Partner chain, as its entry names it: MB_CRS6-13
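Form deposited without its partner chain, single chain, as structure tokens, below.
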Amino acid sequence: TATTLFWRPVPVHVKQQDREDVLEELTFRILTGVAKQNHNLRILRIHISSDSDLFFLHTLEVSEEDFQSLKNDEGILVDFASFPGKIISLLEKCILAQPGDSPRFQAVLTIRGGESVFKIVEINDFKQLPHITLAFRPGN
């Protein structure tokens, strides 16, 4: 019963444990729908995969309850329905990113043994600052 709002490849810096940062081409899928346990709870789903690595799967599921905790931590000002639209804008900046840009937007995925932290940062002439930080889980 899920509906896909977003399905495009996104350039992402993948950082695995004891490796080094490497720019991989990852597929992003954003879906809206209801929980498997409860049809009254709206769920926002984000799936990260790869065409090269068929076993590279990372997933985030955000309920309206989880979004409340996310609003407090990340300082989000929008509603639940407006949340995917804001992510897509940030993702597009990573897609159209060029070396000569300032500020320059980048997507980073850091994996640490069953825990993966995804973020989209801004690189300017001063520093690197995150625009969003989300916790992902390995698998589907």
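Numbering follows the first chain given and starts at 1.
A second form of this protein, the form deposited with its partner chain bound, is not displayed here; the remarks below concern that form.
- None of the heavy atoms of residue 60 is located within 4.5 Å of its partner chain in the deposited bound form.
- Using a 4.5 angstroms limit between non-hydrogen atoms, residue 4 touches its partner chain in the deposited bound form.
- For the chain shown alone, residue 41 is not a contact residue for its partner chain in the deposited bound form, no non-hydrogen atom being within 4.5 angstroms.
- Although the partner is absent here, residue 137 is not a contact residue: none of its heavy atoms lies within 4.5 angstroms of its partner chain in the deposited bound form.
- Not one of 13, 24 and 109 comes within 4.5 Å of its partner chain in the deposited bound form, counting any heavy atom.
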